[PDB]
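A.B. asks: Following this message is one structure expressed as structure tokens.
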């Protein structure tokens, strides 16, 4: 008798860790809110190939990077520090109040590009224990 796979319940312990995914267009507001109630936040990437994962699914854009709309040139994670690895294309254009919620389109040629926040795109959430 040894009950204990990975996650507790109402989650998705794919492999070992725990991650979530959706399809219906639900931006930061719709995603983050529902995601918060679950227990986690907008997933991220490190192994790179994992980035290919969300790109392989294809279901809109993915809100993953953080946010910046109350400082002078300061981009970080959702609520921490910044990341690395990103040689898709040149740096994002502009960086004023015009955009507050970062965004990485998913057209293959769209390349990363900040957004103003309203753009109901699929949700990509991850988590651990």
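Residue 1 is the first one shown; counting continues down the chain.
Just so you know, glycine gets a Cβ as well, placed from its N, Cα and C.
This is the feature table in Swiss-Prot:
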DISULFID  7-18  disulfide bond
DISULFID  35-125  disulfide bond
DISULFID  69-100  disulfide bond
DISULFID  89-111  disulfide bond
DISULFID  101-117  disulfide bond
DOMAIN    5-129  domain 'C-type lectin'
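What does the local environment look like for each feature on the list?
C.D. replies: Within its own chain, residue 7 (disulfide bond) has 13, 18, 127, 129 as residues 6 or more apart in sequence whose C-beta sits under 8 angstroms from its own.
Proximity of residue 35 (disulfide bond) to non-local residues of its own chain (separation of 6 or more, Cβ distance below 8 Å) is seen for 20, 41, 42, 123, 125, given in sequence order.
Residue density at residue 100 (disulfide bond): 15 other Cβ atoms are found within 10 A of its Cβ, drawing on all protein chains shown. DSSP assigns residue 100 (disulfide bond) to coil in the three-state reduction, placing it in neither a helix nor a strand.
Other Cβ atoms within 10 Å of the Cβ of residue 111 (disulfide bond), summed over all protein chains shown, number 14.
Using a 10 Å Cβ-Cβ cutoff, residue 101 (disulfide bond) registers 20 neighbours.
When DSSP labels each residue, the domain 'C-type lectin' (5-129) comes out as 20 helix, 14 strand, 91 coil, counted as helix, strand and coil in that order.
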A.B. asks: Counting only other Cβ atoms and using a 10 Å cut-off, which of the disulfide-bonded residues 69, 89, 117 scores lowest?
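C.D. replies: Output over disulfide-bonded residues 69, 89, 117: least Cβ neighbours within 10 Å is 89.
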A.B. asks: Measuring Cα to Cα, how far is residue 101 (disulfide bond) from residue 69 (disulfide bond) in Å?
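C.D. replies: Answer for this pair: 8 Å between alpha carbons.
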A.B. asks: Compare the Cα of residue 69 (disulfide bond) against each of the disulfide-bonded residues 89, 111, 117 and report the nearest.
C.D. replies: 117
A.B. asks: Rounded to a whole number, how many Å is the Cα of residue 117 (disulfide bond) away from the Cα of residue 100 (disulfide bond)?
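C.D. replies: If we compare the Cα positions of residue 117 (disulfide bond) and residue 100 (disulfide bond), the gap is 6 Å.
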A.B. asks: Is it possible to get the count of other C-beta atoms within 10 angstroms of the C-beta of residue 125 (disulfide bond)?
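C.D. replies: That number is 24.
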